[PDB]
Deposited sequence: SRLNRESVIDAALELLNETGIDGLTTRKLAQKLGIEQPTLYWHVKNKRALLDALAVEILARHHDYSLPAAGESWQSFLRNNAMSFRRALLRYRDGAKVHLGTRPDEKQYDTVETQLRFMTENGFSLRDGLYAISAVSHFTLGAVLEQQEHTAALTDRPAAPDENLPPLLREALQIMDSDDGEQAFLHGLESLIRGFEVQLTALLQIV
């Protein structure tokens, strides 16, 4: 079939949904594309470089709230951005494991910069804004990893596992997110007081 960048990524995401990250190989990617392994090698050198590219394209295709709206609060932006990040990660099998370990790509340089300058325009230091941005990322990735990778009790534990089951963990994620944003807001409003 066609082996432009877009078709190779399309095939690899479709294979990812079929096999998961551990089972995704260049050999099964060559099979799905109806080509020999050395043909594929011209286009994609190894599994490392494939996963790096998926990680970037899944966010390019499906993370539609990278940027704040005109006049949006920093609280509302972090909320929307976290929900968008979570959705994009959940959209493919093992999607969070695909994202894990990746550093911003040159193609998202300007996005991450904008996020950080935006927080600095709203009264954060670069440091405090970085802390807030990393805490949202680390909380969101952790939540989606346990959700995806989870794919004679004592009473509380029994009832709790029941509660976590009754939805995907969207409730626990959205509640924790509100707690993190409020804690950031309490820190920011304090200035130099003891808080």
Regions left out of the model, expressed as runs of the deposited sequence counted from 1: 152-163
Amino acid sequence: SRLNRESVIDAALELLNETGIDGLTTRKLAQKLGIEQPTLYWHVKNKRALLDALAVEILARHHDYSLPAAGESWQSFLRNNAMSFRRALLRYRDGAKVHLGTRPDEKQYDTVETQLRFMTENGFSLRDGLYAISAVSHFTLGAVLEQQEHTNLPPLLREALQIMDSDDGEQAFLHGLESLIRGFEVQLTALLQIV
From here on, numbers count along this sequence of modelled residues.
Stretch with the greater mean C-alpha B-factor as recorded in the entry, comparing 109-117 against 76-84: 109-117
Stretch with the greater mean C-alpha B-factor as recorded in the entry, comparing 22-30 against 155-163: 155-163
Selection from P38, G142, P68, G129 [criterion: highest C-alpha temperature factor in the record]: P68
Chain-relative CA temperature factor third for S134: lowest
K47 by Cα B-factor - lowest, middle or highest third of the modelled chain: middle
Third assignment of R93 from its chain's C-alpha B-factors: middle
